[PDB]
Asks: 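I'd like to ask some things about the structure below.
Naming convention: chains lettered A, B, ... in sequence-line order (proteins, then strands); numbering from 1 in each chain. Every number for a ligand or one of its atoms is a count from 1 in the order of the listing. Heavy atoms only: backbone and side chains are in, while hydrogens, waters and symmetry mates are out.
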2 protein chains.
Amino acid sequence: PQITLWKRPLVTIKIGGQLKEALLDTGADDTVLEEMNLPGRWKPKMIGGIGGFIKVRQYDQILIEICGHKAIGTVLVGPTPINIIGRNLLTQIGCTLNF
Amino acid sequence: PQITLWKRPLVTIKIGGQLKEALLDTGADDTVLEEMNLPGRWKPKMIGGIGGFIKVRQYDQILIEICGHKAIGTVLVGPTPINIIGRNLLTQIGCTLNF
Ligand SMILES: CCC(CC)CN(C[C@@H](O)[C@H](Cc1ccccc1)NC(=O)O[C@H]1CO[C@H]2OCC[C@H]21)S(=O)(=O)c1ccc(N)cc1
């Protein structure tokens, strides 16, 4: 689809068999989701945003469906202000900026 | 033009007679630029993201040229690690997300 930016580009995602709302964030290198239980192994990592660095749990090769488009990649889980879909997955669903 | 997301969507902008590189950020509600000495009045503001909040100065009706597309609106200025073009100006240049 073509999404305008007058409102936040929020979409429904499916991860770990659970539906969630997430923000399409072209300014994020990585995908960061709020606290949740994800199956499989994970390692602790650090990620930095506009206000500093937080601690997250890194999940690799996680299946995640974004607005009907499947992707398999890295998902970081931690105290982010909002679920964000970053470029590591936006590239997988073929997402581009156009003007 | 069309911009893929393999790398950060950095583009050249023109503000207050200065050329800078800035991130086209669909996750940012409002444009925030690295510290710079703009003239005119402003109102304090705090914006939040990963890591917490930073204090910024809100300037209104600031003219910015993004990839030759002229825009005018709110521009925040503060200790951001990177220049960020937010939705408040992305809409004005006709920018959409597509997949
Ligand atoms: C609340 C929704 C997001 C945070 C989740 C808002 N951010 C824009 C976001 O694109 C930010 C913009 C940003 C980019 C780079 C450095 C600081 C901020 N990128 C970001 O935090 O991504 C992190 C996760 O992937 C990594 O790659 C980038 C940093 C990591 S922000 O920087 O904090 C921001 C908040 C309010 C305004 N008006 C302008 C910008």
Asks: Is A/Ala28 touching ligand 1 with its side chain, its backbone, both, or neither, if touching means heavy atoms under 4.0 Å apart?
Replies: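 Both parts.
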Asks: Using distance alone, decide if ligand 1 has a nitrogen or oxygen within less than 3.5 Å of any nitrogen or oxygen in B/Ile50.
Replies: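 No - when backbone and side-chain N and O of B/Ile50 are compared with those of ligand 1, no distance drops under 3.5 Å.
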Asks: Between B/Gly49, A/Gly49, A/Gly48, which one has a non-hydrogen atom sitting closest to atom 30 (C) of ligand 1?
Replies: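 Looking at heavy atoms only, A/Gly48 sits closest to atom 30 (C) of ligand 1.
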Asks: Would you check, one step at a time, whether the test side-chain contact (heavy atoms from CB on, under 4.5 Å) holds for B/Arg41 with B/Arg57?
Replies: CA-CA 9 Å; B/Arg41 296 191 51 193; B/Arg57 308 192 297 282; over 6 Å; no
Asks: Just need the protein heavy atom nearest to atom 36 (C) of ligand 1, so name the residue and atom and give the distance.
Replies: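 Nearest protein contact, heavy atoms only, for atom 36 (C) of ligand 1 is B/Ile47 CB, 3.9 Å.
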Asks: Ignoring angles and geometry beyond distance, decide whether A/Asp25 reaches within less than 3.5 Å of ligand 1 through its nitrogen or oxygen atoms.
Replies: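 N/O-N/O distance under 3.5 Å: yes.
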Asks: What's the shortest heavy-atom distance between B/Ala28 and B/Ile84, and which atoms?
Replies: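 Heavy atoms of B/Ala28 and B/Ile84 come nearest at CB-CG2, 3.5 Å.
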Asks: Would you say the side chain of B/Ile50 lies within less than 4.5 Å of the side chain of A/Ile50, judging by non-hydrogen atoms?
Replies: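 A side-chain contact is absent here, since even the closest heavy-atom pair is not under 4.5 Å.
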Asks: Any N or O on A/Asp30 sitting closer than 3.5 Å to an N or O of ligand 1?
Replies: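 Min N/O separation from ligand 1 is below 3.5 Å for A/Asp30.
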Asks: For ligand 1, which atoms have a heavy atom of A/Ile82 less than 4.0 angstrom away?
Replies: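 Close to A/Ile82: 1 (C), 2 (C).
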Asks: Once you round to the nearest 0.5 Å, how far does CG of A/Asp30 lie from OG1 of A/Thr80?
Replies: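 OG1 of A/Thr80 is found 11.0 Å from CG of A/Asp30.
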Asks: To the nearest 0.5 angstrom, please state how far the CG atom of B/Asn83 sits from the CE atom of B/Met36.
Replies: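 Going from the CG atom of B/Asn83 to the CE atom of B/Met36 covers 8.5 Å.
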Asks: So for A/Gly86, does at least one of its heavy atoms come nearer than 4.0 angstrom to any atom of ligand 1?
Replies: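 Heavy atoms of A/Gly86 never come under 4.0 Å of ligand 1.
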Asks: Verify whether one side chain among B/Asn88 and B/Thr31 offers a donor that lies under 3.5 Å from an acceptor in the other.
Replies: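 B/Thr31 and B/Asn88 do have a side-chain donor-acceptor pair below 3.5 Å.
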Asks: Set out, in order, the CA-CA distance, both residues' side-chain angles and the distance that settles side-chain contact (heavy atoms from CB on, under 4.5 Å) for B/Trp42 and B/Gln58, then state yes or no.
Replies: CA-CA 5 Å; B/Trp42 53 276; B/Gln58 179 179 333; 5.7 Å; no
Asks: So between B/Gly78, B/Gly51, B/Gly27, whose heavy atom ends up nearest atom 3 (C) of ligand 1?
Replies: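 Nearest heavy atom to atom 3 (C) of ligand 1 lies in B/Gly27.
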Asks: For ligand 1, which part of A/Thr26 has a heavy atom less than 4.0 Å away: the side chain, the backbone, both, or neither?
Replies: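 None of A/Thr26 does.
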Asks: Counting heavy atoms only, which part of B/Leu76 comes closer than 4.0 Å to ligand 1: side chain, backbone, both or neither?
Replies: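 Near ligand 1, B/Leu76 shows its side chain, while the N, CA, C and O stay back.
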Asks: So which bit of A/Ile84 gets within less than 4.0 Å of ligand 1, heavy atoms only: side chain, backbone, both or neither?
Replies: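 For A/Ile84, only side-chain atoms sit under 4.0 Å from ligand 1.
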Asks: Working note: B/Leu97 + A/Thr26, criterion side-chain contact (heavy atoms from CB on, under 4.5 Å); need CA distance, chi angles, decisive distance, verdict.
Replies: CA-CA 9 Å; B/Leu97 284 168; A/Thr26 57; 3.7 Å; yes
Asks: Less than 3.5 Å apart, which donor and acceptor atoms pair up between the side chains of residues 5-13 of chain B and the rest of the protein, not counting sequence neighbours?
Replies:
unit_1  : atom_1 : unit_2  : atom_2 : d
B/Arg8  : NE     : A/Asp29 : OD1    : 3.1
B/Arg8  : NE     : A/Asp29 : OD2    : 3.3
B/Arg8  : NH2    : A/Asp29 : OD2    : 2.8
B/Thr12 : OG1    : B/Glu21 : OE2    : 2.6

Asks: Any nitrogen or oxygen of A/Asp29, side chain or backbone, less than 3.5 Å from one on ligand 1?
Replies: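 There is such a contact, yes.
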Asks: Within a distance under 4.0 Å of any heavy atom of B/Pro81, pick out the atoms of ligand 1 and give their elements.
Replies: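 In order of numbering, the contacting atoms are 16 (C), 17 (C).
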Asks: Is there a side-chain contact (heavy atoms from CB on, under 4.5 Å) between A/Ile3 and B/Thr96 once you walk through the steps?
Replies: CA-CA 5 Å; A/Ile3 300 171; B/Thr96 54; 5.9 Å; no
Asks: Which one holds for B/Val32 and ligand 1: side chain close, backbone close, both close, or neither close, with close meaning a heavy atom under 4.0 Å?
Replies: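 Near ligand 1, B/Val32 shows its side chain, while the N, CA, C and O stay back.
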